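In structure tokens, the next block holds one chain alone, the form deposited in one PDB entry.
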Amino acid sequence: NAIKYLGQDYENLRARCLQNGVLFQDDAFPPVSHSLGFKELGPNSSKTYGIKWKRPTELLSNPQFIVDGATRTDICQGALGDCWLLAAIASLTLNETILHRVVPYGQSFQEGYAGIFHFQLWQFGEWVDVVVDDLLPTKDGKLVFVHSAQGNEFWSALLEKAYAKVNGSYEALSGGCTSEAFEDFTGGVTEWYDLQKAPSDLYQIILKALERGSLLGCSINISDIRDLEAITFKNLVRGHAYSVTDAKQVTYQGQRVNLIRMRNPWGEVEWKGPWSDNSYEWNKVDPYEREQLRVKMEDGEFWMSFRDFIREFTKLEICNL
């Protein structure tokens, strides 16, 4: 159904490992120092001290590939600057067709387990099947890189590992563009919008894009490297990729106001201005709209008015199907 990346056939390798009663060891990505990195995640980096590569079966008694669906809450960034990738994975979960292309069925830690997992990505104008063993970087029994809000869920950790494999190391994923990951999941071309010169119908473009299941992301541009990952006063993170997850209207002070929802791939650190989780604006909207849209939780997800969105964020990335 897809091209076998590096000649590695999932079905055949899984069958050979299951029948012989052995766990898969990926010869294309060894569980070593080079696979972590060379500088930021190099052997001399403090972030790598004490890292041990362990399979999820060694971490807890009941490891699961997917728990309560493969959703955006399953994407919580670790000790790596791969927000671009993670923002893309979070956006990917909002479209069932794209999610089920990238993450194949029948993968688990119970029946059919052989220490091997696979994902499908778009590479060189075609879908490719990438395999990985389940040895993941851990420190004191906890995942160092991406993890789920659900402690025993490992799909997102394994997808990020597949990306690290394709790119050579986990560090090769530090610093990038959301656009590339969007393209790796759809085979489309991402369009950039300058929010300082935003077209008059941008909200309508966003609404139609989200309804079709397109992948959307946003960020605040930086001029220098020292202001990278810097926090704004209203708690937004600069030079950091966010996933745009919804766009809905609410009745506020007798008028229908345009709102937009985004998610920080850290799974925490949210906007604290108007329309934020604990903001007073929600008290003035009717009970139903309040209960359907607002979720008071430190989950990385929040709402902003479209007026504030275009004043704060500087770039919007939309990848259509």
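By rigid core we mean the largest C-alpha set that fits within 1.5 Å across both forms. Note that residue numbering follows the sequence shown and begins at 1.
What follows is about the form deposited in another entry, which we do not show.
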Quiz item: Of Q64, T48, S276, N258, which one has a Cα that moves 2 Å or more between the shown form and the other one once the core is lined up?
Solution: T48
Quiz item: Fitting the rigid core first, would the Cα of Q110 be found 2 Å or more away between the shown form and the other one?
Solution: no
Quiz item: Aligning on the rigid core, do we see the C-alpha of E191 shift 2 angstroms or more between the shown form and the other one?
Solution: no
Exercise. Examine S223 after superposing the rigid core and state whether its CA is displaced by 2 Å or more between the shown form and the other one.
Key: yes
Quiz item: Between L228 and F233, do the C-alpha atoms lie closer or farther in the other form than in the shown form, with a difference of 3 angstroms or more?
Solution: closer
Quiz item: Are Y170 and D224 closer or farther apart at their Cα atoms in the other form than shown, with the shift being 3 Å or more?
Solution: farther
